[PDB]
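Topology and contacts: notes
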Amino acid sequence: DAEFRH
Amino acid sequence: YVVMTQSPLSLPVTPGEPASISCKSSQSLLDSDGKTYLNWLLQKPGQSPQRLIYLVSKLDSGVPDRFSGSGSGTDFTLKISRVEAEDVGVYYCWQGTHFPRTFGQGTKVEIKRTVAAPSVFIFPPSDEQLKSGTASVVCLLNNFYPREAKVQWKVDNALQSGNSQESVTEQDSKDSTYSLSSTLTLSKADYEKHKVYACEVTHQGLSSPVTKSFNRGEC
Amino acid sequence: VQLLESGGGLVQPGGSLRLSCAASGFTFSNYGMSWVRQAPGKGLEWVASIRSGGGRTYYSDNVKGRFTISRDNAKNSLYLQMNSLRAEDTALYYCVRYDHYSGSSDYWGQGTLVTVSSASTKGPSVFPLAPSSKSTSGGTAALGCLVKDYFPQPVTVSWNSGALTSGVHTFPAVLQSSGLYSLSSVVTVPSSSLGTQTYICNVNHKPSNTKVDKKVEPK
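The deposited coordinates for this entry were obtained by X-ray crystallography, with a reported resolution of 2.2040 Å.

Describing the overall build of chain C
If you tally the helices and strands in chain C, you get zero helices and 19 strands. Each principal axis of the C-alpha atoms in chain C carries an extent, and together these give about 65 × 40 × 30 Å. The long-range share in chain C, meaning contacts at least 24 apart out of those at least 6 apart in sequence, stands at 58%. About 9,900 Å² of surface is accessible on chain C, with carbon and sulfur atoms providing 46% of the total. Charge-centre separation for chain C: the mean point of 19 positive side chains lies 4 Å from the mean point of 11 negative side chains.

Considerations on the interface of chain B and chain C
The partner chain C presents 43 residues to the 38 residues of chain B that form the contact. Together, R51, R101 and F123 of chain B form the three largest contributors to the area buried by chain B at its contact with chain C, with a combined 19%. Counting every contact that joins chain B to chain C gives one salt bridge. A salt bridge links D99 of chain C to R51 of chain B; the shortest N-O distance between them is 3.8 Å. Put simply, chain B and chain C have 14 residue pairs in polar contact between them. Take the side of chain B that touches chain C: its biggest share by element is six residues, from strand β13 (residues 134-144) of chain B. The residue makeup of the side of chain B that touches chain C, split by class, is 16 nonpolar, 17 polar and five charged.

So, the sheet that holds strand β19 (residues 210-215) of chain B
Residues and elements named next belong to chain B. The strand order β15-β14-β18-β19 describes an open sheet built from four strands, whose pairing is antiparallel. The open sheet has two free edges, formed respectively by β15 (158-159) and β19, since each of these has just one partner strand. In this structure, strand β14 (residues 150-155) lies alongside strand β18 (residues 196-202), joined through six bridges in antiparallel fashion. From the neighbouring strand, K150 faces β18, where its bridge partner is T202.

The rules behind each value
Residues numbered from 1 in each chain as written, not as in the entry; some residues may be left out. Chains lettered and ligands numbered in written order. Heavy atoms only, no water. Helix = DSSP H or I, 4+ residues; strand = E, 2+ residues; numbered from the N terminus. Contact = heavy atoms within 4.5 Å. Areas by Shrake-Rupley, 256 points an atom, 1.4 Å probe, with all protein chains shown as cover. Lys, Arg positive; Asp, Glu negative; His and termini not counted. Charge placed at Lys NZ, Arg CZ, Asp CG, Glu CD. Buried area = accessible area lost by both parts, 1.4 Å probe. Salt bridge = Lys/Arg side-chain N within 4 Å of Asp/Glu carboxyl O. Polar contact = N/O pair within 3.5 Å; in protein donor to acceptor, adjacent residues only side chain to side chain. Nonpolar A, V, L, I, M, F, W, Y, C, P; charged D, E, K, R; others polar. Pairing = 2+ DSSP bridges.

The following block contains the structure:
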């Protein structure tokens, strides 16, 4: 999921 | 990299009673944006996973408020205030703070309903199968609780070994029972050297061990 | 909102496979998507992600250089091209939507099953489990279908084309020593219906193009 932010 | 650890891995709970599942991460799930991306989903028997909770404590669409989530840092908890039969299944937490995405191992919730004895049915092989050279005998144990059930095959009173297999359903979402299918398989020749085929069921709900049988020929 | 995966099946080690996910019920182009896998009897493991913008992708360490995720927004489709497959890649593969509004993945598809093995495809034999006598003191009969010796998974069973669902138990398959699967599906019905009501199990084994509708009659 973190890959979609940052 | 970020390991998710759940506990307990198996959670039997009496309906009406609360339940708690712990979820712990190897690193804090507090993101530099100030949010904590910890989530909970449930996988029911024979179904796709469905989300229950996001951002630690937020209820997803359609999710009953007996579900709640709390925690911070590396320490989190899913709570069910009053467990219902429909809550049966495997619960997973997962973190969206660190790449890559990691899930917990899963916690199977079991509902502890009242003891129910199995209804036992025996099935002789079909003539279709007999034509193909083999012979399967099925013993069915329907809608019982709890899960522990002993099934032994006897052919002309001889205890069988190494020629049977069994399968058990997941706990039913509606009546919280299990069902078991035991299959004894022989060559047609072997099957035709005997008369009496019996499956013997032992279960805590039964007043005494139960035998269902038939005699081969007019099988 | 629906995510429908296809393309799973049997492939030899070192082989290739191409999975599809047809999406509907939402504006597909606006959402990040991922593939997540579940090996039977085990947990959830993230496989790959693709953003809504720029065709940017992400892969778990296990599949780097072998899997390629992509999307066709015009077809509302997600794709997973899988090369150099290994036994360890055997799993149910789910299409999963990322909800940026909640900072977390929400919807899961139904999954499509990938089996990596050198074992041969085999279609099942479908045998009737005939309702005999009585079977119960209380006016209930049990009948069913034995689906024997198939590979790979999965097999689906319905009764009377979906009309009959009450009291149906389809058991999890048992992996036999030979490497082949068997399962049974059973239903309890009123004893009085046996004379008039027709019972047919509809068995589907897609990997072998097998479609069987088997009429189960007493005696």
